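**Student:** Before I ask anything, let me first share the structure, which is written out below as C-alpha cells.
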Amino acid sequence: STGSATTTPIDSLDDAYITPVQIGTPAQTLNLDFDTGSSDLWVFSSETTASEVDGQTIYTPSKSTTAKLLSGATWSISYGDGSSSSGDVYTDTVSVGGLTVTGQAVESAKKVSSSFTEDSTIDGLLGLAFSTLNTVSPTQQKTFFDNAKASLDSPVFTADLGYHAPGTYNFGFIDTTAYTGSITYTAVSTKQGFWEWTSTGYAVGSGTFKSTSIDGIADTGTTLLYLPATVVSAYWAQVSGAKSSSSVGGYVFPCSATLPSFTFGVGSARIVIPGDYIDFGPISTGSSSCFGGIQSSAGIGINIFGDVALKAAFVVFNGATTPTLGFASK
C-alpha cells in the first residue's frame, strides 16, 4: 500500500504545516502537525477542557463506531518549546492520504497548554519519530508509520515541505519526479528515539564549505534551524546589523537586509537553503526588526534540522531494519 497527502503551511511564515487525517467511522477529518521529532498521535477532542478549545476541530470518539477506549491508558507529553498536553487513549481507524491503519492509538487530549489553544489551525500532532518515544502508559503505543510499515510497498515516508506553498507527505514510495539529481543517504542513530544524523558541514552564502560534523535531528515539527553557536554566529556575521537579542530570544536582523543562503552537507552532497527561507518577519507587528530562521541550539542540548532546513530538500525517512535518512535537492 501507499499514501499521499498534501501538507499546507498554517500561516504566511510557514510556522508549521498541517496535513488532513481521517479518524474514525464515519471519518472525522482533523488537520494534524506531522512531527518527525515526537511519537504520539494526539488530538483535540470532545474530552478536551472546554476553556482550552478555541476554534480547533475535535475528535469525538463516541460518534465513531470503530473507536474503543484503550482501558487504563493515559499519556502526557512536553515538547522542546515548553508546550504540553495530556489525556486518555482510544484505538480507532486512521487514514492518511489513502493509507489506512486499523487499531491506531489516538490519544485524546483532556488538557492542552496555552500555545495549543491559541493556535486554531492545529487540531493535534501525528508523531513520526521512533515508537520508543511514545508516552502512552502503562503500555507504550506504536506510531502511525510503525503500524503501517509492514503493509507499505517500501518501509519509508518522505517529507517534501514547501516554501510559502503546500507540499507533500508520501508513505510507502519515493516519488522520483519530486526532486532533482540523486538522493544522498546518510546514517541514522535511533538511540535517542529521533531521526538523528550527522551533517558533514556548512557554508554561508558563496563562502567556502567548512567540513565539520554536526549531529542533529530531522524534525518536521520544529520551525527553525538550530545549530551550534559558532555556526550561527558565522552566518549572522554576514548580515549587516544582525545581532543576538536576549530580550527577543535570538538573532534578529534589519528587515531591509537581503539574507545570504546557508548550505549544509549530507555526505558529499550539499543542500542550499535560500536566504529568503531564513526570514521570519517582524518580531512584532510593524517592527523593522526581523526574526532569524537560523538560531543557536546552545542550551537545547541537540541541533535541530527543522522546517527551514527540511523544506529546502526532498527528505526520505527510511524505516528499514537499519533506518537511514535521504536528502535530495528539488
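By convention in this document, the chains of the C-alpha cells carry letters A, B, ... by their order, each chain's residues are numbered from 1, and ligands are numbered from 1 in the order they are shown.
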So that I can see what lies close to residue 47 (chain A), please list as a VMD selection string the residues with an atom at most 8 Å from it, counting only C-alpha atoms and leaving out residues fewer than 4 positions away in the same chain.
**Tutor:** chain A and resid 60 108 to 110
**Student:** Generate a file of the selected residues that holds N, CA, C and O atoms, formatted as an mmCIF file, in the first residue's frame.
**Tutor:**
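Result went into again.cif, see below:
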data_model
loop_
_atom_site.group_PDB
_atom_site.id
_atom_site.type_symbol
_atom_site.label_atom_id
_atom_site.label_comp_id
_atom_site.auth_asym_id
_atom_site.auth_seq_id
_atom_site.Cartn_x
_atom_site.Cartn_y
_atom_site.Cartn_z
ATOM 1 N N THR A 60 -14.483 13.231 18.243
ATOM 2 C CA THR A 60 -15.487 12.788 19.200
ATOM 3 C C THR A 60 -15.578 11.264 19.098
ATOM 4 O O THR A 60 -16.250 10.729 18.212
ATOM 5 N N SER A 108 -6.416 11.145 23.073
ATOM 6 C CA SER A 108 -7.422 12.178 23.202
ATOM 7 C C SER A 108 -7.027 13.150 24.301
ATOM 8 O O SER A 108 -6.817 12.742 25.446
ATOM 9 N N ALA A 109 -6.906 14.429 23.959
ATOM 10 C CA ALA A 109 -6.464 15.418 24.938
ATOM 11 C C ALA A 109 -7.576 15.759 25.923
ATOM 12 O O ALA A 109 -8.695 16.103 25.532
ATOM 13 N N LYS A 110 -7.260 15.649 27.205
ATOM 14 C CA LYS A 110 -8.101 16.228 28.235
ATOM 15 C C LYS A 110 -7.605 17.634 28.579
ATOM 16 O O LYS A 110 -8.392 18.504 28.938
#
**Student:** Might you pull out every residue within 9 Å of residue 44 (chain A), with only C-alpha atoms counted and same-chain residues fewer than 6 positions away left off, and present them as a list in words?
**Tutor:**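 Close residues of residue 44 (chain A): residues 30, 53, 56, 57, 58, 59, 60, 107, 108, 109, 110, 111, 112, 122, 123 and 124 of chain A.
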**Student:** Go ahead and write the residues just picked, N, CA and C atoms, as a compact mmCIF listing (two decimals), in the first residue's frame.
**Tutor:**
# COMPACT_ATOMS: atom_id res chain seq x y z
N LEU A 30 -9.33 15.73 10.78
CA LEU A 30 -8.61 16.71 11.59
C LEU A 30 -7.32 17.08 10.88
N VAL A 53 -10.23 24.85 24.31
CA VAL A 53 -10.53 24.70 22.89
C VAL A 53 -10.97 26.05 22.33
N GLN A 56 -10.38 24.88 17.15
CA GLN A 56 -9.89 23.61 16.60
C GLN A 56 -11.07 22.69 16.28
N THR A 57 -10.85 21.80 15.32
CA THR A 57 -11.76 20.70 15.07
C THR A 57 -11.45 19.58 16.05
N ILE A 58 -12.49 19.00 16.64
CA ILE A 58 -12.31 17.98 17.66
C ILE A 58 -12.70 16.61 17.15
N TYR A 59 -12.02 15.60 17.67
CA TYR A 59 -12.39 14.21 17.52
C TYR A 59 -13.37 13.84 18.63
N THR A 60 -14.48 13.23 18.24
CA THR A 60 -15.49 12.79 19.20
C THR A 60 -15.58 11.26 19.10
N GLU A 107 -4.64 9.47 20.80
CA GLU A 107 -4.52 10.00 22.14
C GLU A 107 -5.39 11.25 22.25
N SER A 108 -6.42 11.15 23.07
CA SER A 108 -7.42 12.18 23.20
C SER A 108 -7.03 13.15 24.30
N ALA A 109 -6.91 14.43 23.96
CA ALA A 109 -6.46 15.42 24.94
C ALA A 109 -7.58 15.76 25.92
N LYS A 110 -7.26 15.65 27.21
CA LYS A 110 -8.10 16.23 28.23
C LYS A 110 -7.61 17.63 28.58
N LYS A 111 -6.30 17.85 28.45
CA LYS A 111 -5.69 19.14 28.75
C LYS A 111 -4.67 19.46 27.67
N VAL A 112 -4.61 20.73 27.28
CA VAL A 112 -3.57 21.23 26.37
C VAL A 112 -3.04 22.54 26.93
N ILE A 122 -4.21 24.05 14.24
CA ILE A 122 -3.62 22.74 14.51
C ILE A 122 -4.54 21.97 15.45
N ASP A 123 -5.07 20.86 14.93
CA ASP A 123 -6.03 20.04 15.66
C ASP A 123 -5.37 18.91 16.45
N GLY A 124 -4.04 18.82 16.38
CA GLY A 124 -3.29 17.80 17.07
C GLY A 124 -1.99 17.51 16.34
**Student:** Neighbouring residues of residue 66 (chain A) were defined as those with any atom within 9 Å, considering only C-alpha atoms; residues of the same chain fewer than 6 positions away were excluded. Please report them as a ChimeraX atom specification.
**Tutor:** /A:24-26,91-93,102-103
**Student:** Kindly save the residues from that selection, with C-alpha atoms included, as an mmCIF file, in the first residue's frame.
**Tutor:**
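Contents of part.cif, freshly written:
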data_model
loop_
_atom_site.group_PDB
_atom_site.id
_atom_site.type_symbol
_atom_site.label_atom_id
_atom_site.label_comp_id
_atom_site.auth_asym_id
_atom_site.auth_seq_id
_atom_site.Cartn_x
_atom_site.Cartn_y
_atom_site.Cartn_z
ATOM 1 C CA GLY A 24 -12.910 7.019 12.935
ATOM 2 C CA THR A 25 -16.042 5.749 11.212
ATOM 3 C CA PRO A 26 -17.597 7.742 9.653
ATOM 4 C CA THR A 91 -7.850 2.902 19.302
ATOM 5 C CA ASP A 92 -9.530 3.729 16.006
ATOM 6 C CA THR A 93 -9.085 3.641 12.252
ATOM 7 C CA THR A 102 -6.748 -0.047 11.947
ATOM 8 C CA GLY A 103 -6.249 -0.099 15.710
#
**Student:** Write out as a count of residues only which residues come within 10 Å of residue 42 (chain A) when counting only C-alpha atoms, dropping same-chain ones fewer than 4 positions away.
**Tutor:** 21
**Student:** For region 280-294 of chain A, work out the shell of residues within 6 Å, counting only C-alpha atoms and skipping chain neighbours fewer than 2 positions away, then give it as an NGL selection string.
**Tutor:** :A and (224-226 or 251-255 or 278)
**Student:** I'd like to know which residues of region 37-99 of chain A are strand (DSSP E) (by DSSP, run on the backbone); could you write them as a ChimeraX atom specification?
**Tutor:** /A:41-43,68-78,84-96,99
**Student:** Which of region 12-135 of chain A end up as helix (DSSP H, G or I) when DSSP is run on this backbone - answer as a list in words?
**Tutor:**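 Answer for region 12-135 of chain A, restricted to helix (DSSP H, G or I): residues 50, 51, 52, 61, 62, 63, 114, 115, 116, 117, 118, 131, 132 and 133 of chain A.
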**Student:** Limited to N, CA, C and O atoms, could you put the picked residues into a file as a PDB file, in the first residue's frame?
**Tutor:**
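To be explicit, this is the file written out as part.pdb:
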ATOM      1  N   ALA A  50     -13.087  22.509  28.046  1.00  0.00           N
ATOM      2  CA  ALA A  50     -13.754  23.393  27.096  1.00  0.00           C
ATOM      3  C   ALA A  50     -13.055  24.749  26.953  1.00  0.00           C
ATOM      4  O   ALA A  50     -12.943  25.285  25.848  1.00  0.00           O
ATOM      5  N   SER A  51     -12.573  25.295  28.064  1.00  0.00           N
ATOM      6  CA  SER A  51     -11.887  26.585  28.044  1.00  0.00           C
ATOM      7  C   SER A  51     -10.561  26.538  27.283  1.00  0.00           C
ATOM      8  O   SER A  51      -9.960  27.579  27.013  1.00  0.00           O
ATOM      9  N   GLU A  52     -10.107  25.333  26.945  1.00  0.00           N
ATOM     10  CA  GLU A  52      -8.823  25.152  26.273  1.00  0.00           C
ATOM     11  C   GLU A  52      -8.983  24.842  24.787  1.00  0.00           C
ATOM     12  O   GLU A  52      -7.998  24.620  24.093  1.00  0.00           O
ATOM     13  N   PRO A  61     -14.895  10.545  20.000  1.00  0.00           N
ATOM     14  CA  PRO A  61     -14.874   9.088  19.816  1.00  0.00           C
ATOM     15  C   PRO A  61     -16.247   8.428  19.930  1.00  0.00           C
ATOM     16  O   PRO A  61     -16.452   7.390  19.309  1.00  0.00           O
ATOM     17  N   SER A  62     -17.170   9.027  20.676  1.00  0.00           N
ATOM     18  CA  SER A  62     -18.499   8.448  20.854  1.00  0.00           C
ATOM     19  C   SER A  62     -19.290   8.432  19.541  1.00  0.00           C
ATOM     20  O   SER A  62     -20.274   7.706  19.424  1.00  0.00           O
ATOM     21  N   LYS A  63     -18.857   9.223  18.559  1.00  0.00           N
ATOM     22  CA  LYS A  63     -19.507   9.249  17.247  1.00  0.00           C
ATOM     23  C   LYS A  63     -18.842   8.316  16.238  1.00  0.00           C
ATOM     24  O   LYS A  63     -19.254   8.250  15.085  1.00  0.00           O
ATOM     25  N   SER A 114      -1.453  26.480  26.705  1.00  0.00           N
ATOM     26  CA  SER A 114      -1.984  27.670  26.054  1.00  0.00           C
ATOM     27  C   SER A 114      -1.547  27.810  24.597  1.00  0.00           C
ATOM     28  O   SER A 114      -2.316  28.279  23.760  1.00  0.00           O
ATOM     29  N   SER A 115      -0.307  27.440  24.298  1.00  0.00           N
ATOM     30  CA  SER A 115       0.208  27.546  22.935  1.00  0.00           C
ATOM     31  C   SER A 115      -0.671  26.759  21.959  1.00  0.00           C
ATOM     32  O   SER A 115      -0.895  27.191  20.833  1.00  0.00           O
ATOM     33  N   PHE A 116      -1.170  25.603  22.383  1.00  0.00           N
ATOM     34  CA  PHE A 116      -2.029  24.803  21.522  1.00  0.00           C
ATOM     35  C   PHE A 116      -3.404  25.452  21.373  1.00  0.00           C
ATOM     36  O   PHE A 116      -3.919  25.577  20.265  1.00  0.00           O
ATOM     37  N   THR A 117      -3.977  25.899  22.480  1.00  0.00           N
ATOM     38  CA  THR A 117      -5.277  26.549  22.454  1.00  0.00           C
ATOM     39  C   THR A 117      -5.274  27.748  21.518  1.00  0.00           C
ATOM     40  O   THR A 117      -6.211  27.964  20.746  1.00  0.00           O
ATOM     41  N   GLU A 118      -4.186  28.507  21.585  1.00  0.00           N
ATOM     42  CA  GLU A 118      -4.065  29.760  20.854  1.00  0.00           C
ATOM     43  C   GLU A 118      -3.858  29.561  19.360  1.00  0.00           C
ATOM     44  O   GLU A 118      -4.025  30.499  18.589  1.00  0.00           O
ATOM     45  N   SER A 131       8.950   4.752  17.873  1.00  0.00           N
ATOM     46  CA  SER A 131       7.903   4.459  18.842  1.00  0.00           C
ATOM     47  C   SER A 131       8.411   4.360  20.281  1.00  0.00           C
ATOM     48  O   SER A 131       7.632   4.443  21.212  1.00  0.00           O
ATOM     49  N   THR A 132       9.718   4.205  20.456  1.00  0.00           N
ATOM     50  CA  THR A 132      10.322   4.222  21.783  1.00  0.00           C
ATOM     51  C   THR A 132      10.097   5.540  22.536  1.00  0.00           C
ATOM     52  O   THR A 132      10.222   5.564  23.764  1.00  0.00           O
ATOM     53  N   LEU A 133       9.759   6.621  21.822  1.00  0.00           N
ATOM     54  CA  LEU A 133       9.442   7.892  22.472  1.00  0.00           C
ATOM     55  C   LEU A 133       7.967   8.058  22.824  1.00  0.00           C
ATOM     56  O   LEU A 133       7.598   9.049  23.447  1.00  0.00           O
TER      57      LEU A 133
END
**Student:** May I have the residues within 12 Å of residue 151 (chain A) as a PDB file with N, CA, C and O atoms, in the first residue's frame, using only C-alpha atoms and disregarding those fewer than 5 positions away in the same chain?
**Tutor:**
ATOM      1  N   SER A   1       0.863  -1.205   0.000  1.00  0.00           N
ATOM      2  CA  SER A   1       0.000   0.000   0.000  1.00  0.00           C
ATOM      3  C   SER A   1       0.878   1.226   0.000  1.00  0.00           C
ATOM      4  O   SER A   1       2.082   1.146   0.264  1.00  0.00           O
ATOM      5  N   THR A   2       0.253   2.357  -0.304  1.00  0.00           N
ATOM      6  CA  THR A   2       0.895   3.662  -0.204  1.00  0.00           C
ATOM      7  C   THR A   2      -0.127   4.693   0.262  1.00  0.00           C
ATOM      8  O   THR A   2      -1.333   4.438   0.246  1.00  0.00           O
ATOM      9  N   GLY A   3       0.366   5.852   0.683  1.00  0.00           N
ATOM     10  CA  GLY A   3      -0.471   7.019   0.925  1.00  0.00           C
ATOM     11  C   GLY A   3       0.231   8.273   0.444  1.00  0.00           C
ATOM     12  O   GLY A   3       1.463   8.303   0.351  1.00  0.00           O
ATOM     13  N   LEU A  99      -3.948   5.836   2.829  1.00  0.00           N
ATOM     14  CA  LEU A  99      -3.324   4.742   3.575  1.00  0.00           C
ATOM     15  C   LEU A  99      -4.024   4.589   4.919  1.00  0.00           C
ATOM     16  O   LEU A  99      -4.079   5.538   5.690  1.00  0.00           O
ATOM     17  N   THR A 100      -4.538   3.398   5.199  1.00  0.00           N
ATOM     18  CA  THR A 100      -5.361   3.154   6.372  1.00  0.00           C
ATOM     19  C   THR A 100      -4.684   2.210   7.363  1.00  0.00           C
ATOM     20  O   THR A 100      -4.171   1.152   6.975  1.00  0.00           O
ATOM     21  N   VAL A 101      -4.685   2.611   8.636  1.00  0.00           N
ATOM     22  CA  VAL A 101      -4.258   1.775   9.751  1.00  0.00           C
ATOM     23  C   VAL A 101      -5.454   1.533  10.652  1.00  0.00           C
ATOM     24  O   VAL A 101      -6.111   2.476  11.072  1.00  0.00           O
ATOM     25  N   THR A 102      -5.743   0.276  10.939  1.00  0.00           N
ATOM     26  CA  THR A 102      -6.748  -0.047  11.947  1.00  0.00           C
ATOM     27  C   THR A 102      -6.061  -0.231  13.296  1.00  0.00           C
ATOM     28  O   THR A 102      -4.898  -0.619  13.366  1.00  0.00           O
ATOM     29  N   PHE A 144       1.828   5.830  13.759  1.00  0.00           N
ATOM     30  CA  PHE A 144       1.116   5.525  12.538  1.00  0.00           C
ATOM     31  C   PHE A 144       2.040   4.846  11.526  1.00  0.00           C
ATOM     32  O   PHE A 144       1.671   3.854  10.890  1.00  0.00           O
ATOM     33  N   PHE A 145       3.250   5.375  11.377  1.00  0.00           N
ATOM     34  CA  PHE A 145       4.203   4.806  10.424  1.00  0.00           C
ATOM     35  C   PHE A 145       4.598   3.389  10.835  1.00  0.00           C
ATOM     36  O   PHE A 145       4.630   2.491  10.011  1.00  0.00           O
ATOM     37  N   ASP A 146       4.846   3.185  12.127  1.00  0.00           N
ATOM     38  CA  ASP A 146       5.241   1.876  12.627  1.00  0.00           C
ATOM     39  C   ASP A 146       4.128   0.869  12.358  1.00  0.00           C
ATOM     40  O   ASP A 146       4.385  -0.250  11.918  1.00  0.00           O
ATOM     41  N   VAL A 156       9.110   3.308   4.047  1.00  0.00           N
ATOM     42  CA  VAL A 156       9.618   4.671   4.008  1.00  0.00           C
ATOM     43  C   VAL A 156       8.466   5.658   4.050  1.00  0.00           C
ATOM     44  O   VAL A 156       7.333   5.338   3.674  1.00  0.00           O
ATOM     45  N   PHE A 171       3.806   8.065   1.847  1.00  0.00           N
ATOM     46  CA  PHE A 171       4.092   6.868   2.614  1.00  0.00           C
ATOM     47  C   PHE A 171       4.201   5.689   1.671  1.00  0.00           C
ATOM     48  O   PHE A 171       3.300   5.441   0.867  1.00  0.00           O
ATOM     49  N   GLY A 172       5.309   4.960   1.760  1.00  0.00           N
ATOM     50  CA  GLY A 172       5.451   3.691   1.069  1.00  0.00           C
ATOM     51  C   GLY A 172       6.100   3.737  -0.291  1.00  0.00           C
ATOM     52  O   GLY A 172       6.283   2.690  -0.894  1.00  0.00           O
ATOM     53  N   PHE A 173       6.450   4.929  -0.772  1.00  0.00           N
ATOM     54  CA  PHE A 173       7.101   5.061  -2.074  1.00  0.00           C
ATOM     55  C   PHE A 173       7.877   6.360  -2.157  1.00  0.00           C
ATOM     56  O   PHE A 173       7.579   7.323  -1.450  1.00  0.00           O
TER      57      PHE A 173
END
**Student:** Nearest residue to residue 79 (chain A) out of A:320, A:165, A:227, A:300, using only C-alpha atoms?
**Tutor:**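 Among A:320, A:165, A:227, A:300, it is A:300 that comes nearest to residue 79 (chain A).
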**Student:** Of the candidates A:257, A:228, A:29, A:306, which shows the shortest atom-to-atom distance to residue 240 (chain A), using only C-alpha atoms?
**Tutor:**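 Ranking A:257, A:228, A:29, A:306 by distance to residue 240 (chain A), first place goes to A:257.
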**Student:** In Å, with one decimal, what is the gap from CA of residue 129 (chain A) to CA of residue 303 (chain A)?
**Tutor:** 15.7 Å
**Student:** Report, in Å with one decimal, the straight-line distance from CA of residue 199 (chain A) to CA of residue 35 (chain A).
**Tutor:**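 These atoms are spaced 20.3 Å apart.
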**Student:** Nearest residue to residue 276 (chain A) out of A:202, A:195, A:169, A:163, using only C-alpha atoms?
**Tutor:**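 Checking each of A:202, A:195, A:169, A:163 against residue 276 (chain A), counting only C-alpha atoms, the winner is A:163.
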**Student:** Nearest to residue 65 (chain A): which of A:8, A:28, A:95, A:38 is it, counting only C-alpha atoms?
**Tutor:**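 For residue 65 (chain A), the nearest of the given residues is A:28.
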**Student:** Name the closest residue to residue 40 (chain A) among the candidates A:237, A:27, A:128, A:313; distances are taken between atoms, counting only C-alpha atoms.
**Tutor:** A:128
